[PDB]
Amino acid sequence: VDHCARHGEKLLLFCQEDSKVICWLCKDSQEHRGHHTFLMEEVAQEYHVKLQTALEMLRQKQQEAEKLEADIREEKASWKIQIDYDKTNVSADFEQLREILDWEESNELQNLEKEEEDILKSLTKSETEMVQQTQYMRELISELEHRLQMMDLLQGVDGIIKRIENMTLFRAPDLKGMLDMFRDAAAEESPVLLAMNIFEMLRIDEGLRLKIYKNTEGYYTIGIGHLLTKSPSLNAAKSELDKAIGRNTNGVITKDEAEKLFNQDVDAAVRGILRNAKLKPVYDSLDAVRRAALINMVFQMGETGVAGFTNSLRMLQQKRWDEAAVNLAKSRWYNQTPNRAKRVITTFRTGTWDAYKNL
Amino acid sequence: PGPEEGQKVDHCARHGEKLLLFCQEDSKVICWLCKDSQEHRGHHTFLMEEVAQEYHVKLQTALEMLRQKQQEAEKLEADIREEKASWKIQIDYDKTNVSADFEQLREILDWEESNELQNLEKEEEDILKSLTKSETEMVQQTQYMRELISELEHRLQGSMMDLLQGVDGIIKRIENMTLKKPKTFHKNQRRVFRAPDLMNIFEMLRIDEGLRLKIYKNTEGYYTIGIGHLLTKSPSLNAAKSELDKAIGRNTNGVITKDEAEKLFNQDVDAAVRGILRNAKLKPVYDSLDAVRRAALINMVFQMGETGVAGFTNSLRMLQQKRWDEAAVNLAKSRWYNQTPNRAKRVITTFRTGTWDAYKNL
Ligand SMILES: [Zn+2]
Ligand SMILES: [Zn+2]
Ligand SMILES: [Zn+2]
Ligand SMILES: [Zn+2]
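Residues numbered from 1 in each chain as written, not as in the entry; some residues may be left out. Chains lettered and ligands numbered in written order. Heavy atoms only, no water. Residues with missing side-chain atoms left out of burial classes, pairs and counts.

- As named in the PDB entry, chain B is TRIM5/cyclophilin A fusion protein/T4 Lysozyme chimera, taken from Macaca mulatta.
- Under its PDB header, the title given for this structure is "Structure of the BBox-Coiled-coil region of Rhesus Trim5alpha".

- The PDB entry lists chain A under the name TRIM5/cyclophilin A fusion protein/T4 Lysozyme chimera, from Macaca mulatta.

## Considering the overall build of chain B
Thinking step 1. Of regular secondary structure, chain B possesses 13 helices and six strands.
Thinking step 2. For chain B, whose C-alpha radius of gyration is 49 Å, the value lies well above the compact-globule estimate of 21 Å for 362 residues.
Thinking step 3. Projecting the C-alpha coordinates of chain B onto the three principal axes gives extents of approximately 170 × 70 × 40 Å. (Helix = DSSP H or I, 4+ residues; strand = E, 2+ residues; numbered from the N terminus. Rg over C-alpha atoms; globule rule 2.2 N^0.38 Å.)

## What to know about the UniProt feature "coiled-coil region" (unreviewed entry) in chain B
Thinking step 1. Sequence positions flagged by UniProt for "coiled-coil region" (unreviewed entry) are, in local numbering, residues 52-86 of chain B.
Thinking step 2. Between the C-alpha atoms that bound residues 52-86 of chain B the distance is 50 Å, and the span itself is 100% helix and 0% strand. (UniProt positions renumbered as here; feature names shortened; annotations may be inferred.)

## Quick look at the nonpolar core
The nonpolar side chains of soluble globular proteins are, as a tendency, buried together.
Thinking step 1. One finds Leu279, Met297, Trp333, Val344, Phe348, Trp353 and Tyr356 of chain A to be the most contacted residues of the largest nonpolar core, which totals 38 residues.
Thinking step 2. Within the residue set of this core, elements represented by two or more residues are helix 7 (198-206), helix 9 (255-275), helix 11 (288-306), helix 12 (310-317), helix 13 (321-328) and helix 15 (338-350) of chain A. (Core = buried A, V, L, I, M, F, W, Y, C linked by side-chain atoms within 4.5 Å. Buried < 20%, exposed > 50% of the residue type's maximum accessible area, 1.4 Å probe, protein only.)

## Quick word on unusual backbone geometry
Thinking step 1. Of note in the backbone geometry, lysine 319 of chain A takes a positive phi value of approximately 60 degrees without being a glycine.
Thinking step 2. You can see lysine 319 of chain A is positioned in the loop between helix 12 and helix 13.
Thinking step 3. Its relative accessible area of 46% is what places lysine 319 of chain A among the partly exposed residues.
Thinking step 4. Its identity is not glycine, yet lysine 322 of chain B carries a phi of approximately 65 degrees, on the positive side.

## Description of the interface of chain B and chain A
For an interface, size is often stated in terms of accessible area lost upon the parts coming together.
Thinking step 1. Counting residues at the interface gives 95 residues for chain B, matched by 100 residues for chain A.
Thinking step 2. At 59 residues, helix 1 (residues 48-155) of chain B tops the list of elements feeding residues into the side of chain B that touches chain A.
Thinking step 3. Among the residues forming the side of chain B that touches chain A, the class breakdown is 49 nonpolar, 15 polar and 31 charged. (Contact = heavy atoms within 4.5 Å. Nonpolar A, V, L, I, M, F, W, Y, C, P; charged D, E, K, R; others polar.)

## Considering the UniProt feature "coiled-coil region" (unreviewed entry) in chain A
Thinking step 1. When the UniProt feature table is mapped to this numbering, "coiled-coil region" (unreviewed entry) covers residues 44-78 of chain A.
Thinking step 2. Structurally, residues 44-78 of chain A is divided into 100% helix and 0% strand, and its ends, taken at the C-alpha atoms, are 50 Å apart.

## Considerations on the coordination of the zinc ion (ligand 3)
Thinking step 1. Taken together, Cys12 of chain B (SG), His15 of chain B (ND1), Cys31 of chain B (SG) and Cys34 of chain B (SG) make up the full set of protein donors to the zinc ion (ligand 3), lying 2.1 to 2.3 Å away.
Thinking step 2. We classify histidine 15 of chain B as partly exposed; its relative accessible area is 31%. (Donors = N, O, S within 2.8 Å, 3.2 Å for Na, K, Ca; no water.)

## Quick notes on the packing of aromatic side chains
Thinking step 1. Taken as a whole and assessed by the stated rule, the structure comprises nine aromatic pairs over all chains.
Thinking step 2. When the ring of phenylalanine 262 of chain A is compared with that of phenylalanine 299 of chain A, the centres are 5.7 Å apart and the planes differ by 65 degrees; the resulting orientation is edge-to-face. Residue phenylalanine 262 of chain A is located in helix 9, and its partner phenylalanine 299 of chain A is located in helix 11; the two are separated by 37 residues in the primary sequence. Of the two residues, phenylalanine 262 of chain A and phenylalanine 299 of chain A, neither departs from the other in class, the shared state being buried.
Thinking step 3. Aromatic pair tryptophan 356 of chain B and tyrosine 359 of chain B: ring centres 6.3 Å apart, planes at 70 degrees, arrangement edge-to-face. This pair shows no difference in class: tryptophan 356 of chain B is buried, exactly as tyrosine 359 of chain B is.
Thinking step 4. Among the aromatic residues, those joined into a cluster by ring pairs are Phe199, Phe262 and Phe299 of chain A.
Thinking step 5. Directly above the aromatic system of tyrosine 213 of chain A lies the positively charged group of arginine 209 of chain A, at a separation of 4.8 Å from the ring centroid.
Thinking step 6. The aromatic ring of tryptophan 324 of chain B is capped on one face by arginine 293 of chain B, whose charged end is 3.7 Å from the ring centroid. (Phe/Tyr/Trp six-rings, centres within 6.5 Å; stacked < 30°, edge-to-face > 60°. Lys NZ or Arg CZ within 6 Å of the ring centre and 35° of its normal.)

Written out as structure tokens, the structure is:
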């Protein structure tokens, strides 16, 4: 049950090298000569602590590894959208080319229908003209024919002698060529749908500011738009900061810390959405480029404040884009921060970072 | 009234005496008292009869000139009407020609688009391959550690021996821990394209059939060429240009030469003589007719075919009975006469008169 395998004795020792448990008879052998040993109790309670610490770190890395799972789980599904957009974009693009050809067709055709108007109008004119010149001839033949048959054929004839004596009568360019020119290159750049994130979003929307400033609303705030306190006391806001950073900041911080707060503010907001019953369903419904836009509206005016946009939360889940943009503009949130709301909407609209590529 | 006499003579309105004199120099007619008026006091007067046939001749000699100057005028009447349809063709050929080039291009797009989607699908396959790999390379890490943890969780409990046996290898491997990261394509270069921001037989026929070197419409709306050479009865132009090349033996592009026009003309006439001699309805007639009427017969078989002309029983019966007076009437009462009266007159004339009086003017 608990004895040395072979020697049949009590396992008391612990070789440092082998790191395995042995008995005193095991010690006097090949694999344990020159080896330092100890009794199990002399090393036990020390090792116990050593794994009590290994466990804790090993548990954090089990969270970090469970993030890398999610991380690429998102990227897969993201490309699925990236592709199934570049696809429509690429197709619809050609569709417009297929249109400009349809116009240029009937255009060039009516330029030939114009020649069938011009040359055809000089036709019926010089037709009727020389068609009477034919019957007017039968008018004189029938005349003389009955003029003959004396009173008839003489009533002025040396005039008709003078009458008869004066009877005078491709658009097609190398389209393949141009497409071969543009197919070459123009600007080979990174993706245009996941070359940015919720972080770079808010970095642009909130800016990074190291020393305490006042809000859009007037309140004290720091770093990547982290609210400190509604109070007018700069010190009180310094106090909250001092308390928030875990040192004596004095209303100014490192960028490294400015980031920490931001990661937390983001991540804290997210948990606010996962717990709120009205928000989450809309989150899971949207693509990444919009999943971030919800965090933005939450990061700004908090959980309870976004849940109120029920009229807007409906369309976006039903995915009526151009309309959800107009309904959000009627909320006070648009009135107060016009440019910010505009950028977030345009992102709820286009489903792209196009509202940010400027900045 | 009276026959073999002269019509009564009217009277000089200004004087009263009969109008009998032809004033030379004034070309008009007057009485004797009118010769004394100052209007003529110097003009050589003559009796109407003394000059009647001088002028009756002079008008006939002039009247014939009028008819022959009426033909060349009626020929320039058709000279225009021909050019009319000669452009109506030129357009309805350039019209289809362009709309066939605008299709060569729409084809070019279809293929380019096909080539572009065929690429956005290679990316998706390629990327969603390495991803679904490294993905499991993470399902490994996450699950693995959940088992590497359970090891410790097991040691931190139970026997001191369990806690201790081979414990170093673990605090080694855990200190030497570095979770790898997934193969992201977050920012690797890429390209999705940009749509840019944009007499006998042959002669008699040419007069009636004409000579065009390109595809023109018949007297019945069918595409023909040369001298009445039917390519097709279909209203398609592309259908004419296709059969045309099977005929000529080259790509004409809607235009042949004069020796190619005559090539297909001698193949049509040489068949008309056959179409008749191969027919037990017409051959009895063709043999019992002289050279001129034989042409008038071949003209009808060339115009309609051996089956069509063989539809004229009474006429062919009478032309065999040689009843010209009766036959010329039976050929007029026909759809052949209505569709082309001018040509019908010329053929029926060739049957009745037995001469070429129907082409001395054309
Ligand atoms: Zn032992
Ligand atoms: Zn040992
Ligand atoms: Zn008189
Ligand atoms: Zn006179």
